[PDB]
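For reference, the chain that follows is the form solved without ligand RT2, supplied as structure tokens.
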């Protein structure tokens, strides 16, 4: 038993991390086969960032102006192109550690692992959720751009996030690996704000099932409610509306525990209206919303 904030094993991604330097700017890239993917703002300087002319900046560059190092060992760039907000550097060496992979766009409320990297060197791995306002509450410092988020589906690494920037509120924004931002953000330094964040209801329910599976049942009573009546309470506490599709994906956790989804909804309603009364749930005194139903199943069933 037990429940931790668990990330995917990072080995397959570690072997893809490189550093990309353009003049005085260095950030991280993702080296897959004979291409390195990185944020295009690596070609910028301070004079550029309000309205970078990325096409102008790139055409002034030769393959020789890009310095790519894999473990501080240089790779030769033989081509360069731009796809949306990502630079694609073609190198003369294919990465022999490239895993089976896919580029995927994740949905708000879904989770992924982030391999935080600096100067092409992995520093740590943690779990993040894509917030309903299309930011992530990550942990990133100067030099972290180009760090990626990923899930492992079977034996395939599904890359879903490349890091670009931190908003003044301390939250983070980035792109998919095709270079399209999540949310209403741009890679120019205009004043940018994320929408109001909401709590991911289906994940809170998943985590309450995780608590039941682990024997932490004090919040459970033989109560139940309707989906409409639950959602009336949810919106009073800035929780996302729970749809029948959310109910369905909680099926496996309901099946394991024998607690109907709307019974757990009734328990959650009671927690929101009356509080937790100084009690903890799986070691937390707040309601946690960055575990998906699949996250709980994986950790409560040990998939490899």
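Positions refer to the first chain, counted from 1.
Although it is not shown, the form solved in complex with ligand RT2 is what the next lines describe.
- Although the partner is absent here, residue 65 lies well away from ligand RT2 in the deposited complex, with no heavy atom inside 4.5 Å.
- Using a 4.5 angstroms threshold between heavy atoms, residue 253 counts as touching ligand RT2 in the deposited complex.
- Contact check for residue 233: no non-hydrogen atom falls within 4.5 Å of ligand RT2 in the deposited complex.
- In the deposited complex, residue 220 stays away from ligand RT2, with no heavy atom inside 4.5 Å.
- Shown here without ligand RT2, the chain has 297, 300, 301 in 287-304 lying with a heavy atom within 4.5 Å of that partner in the deposited complex.
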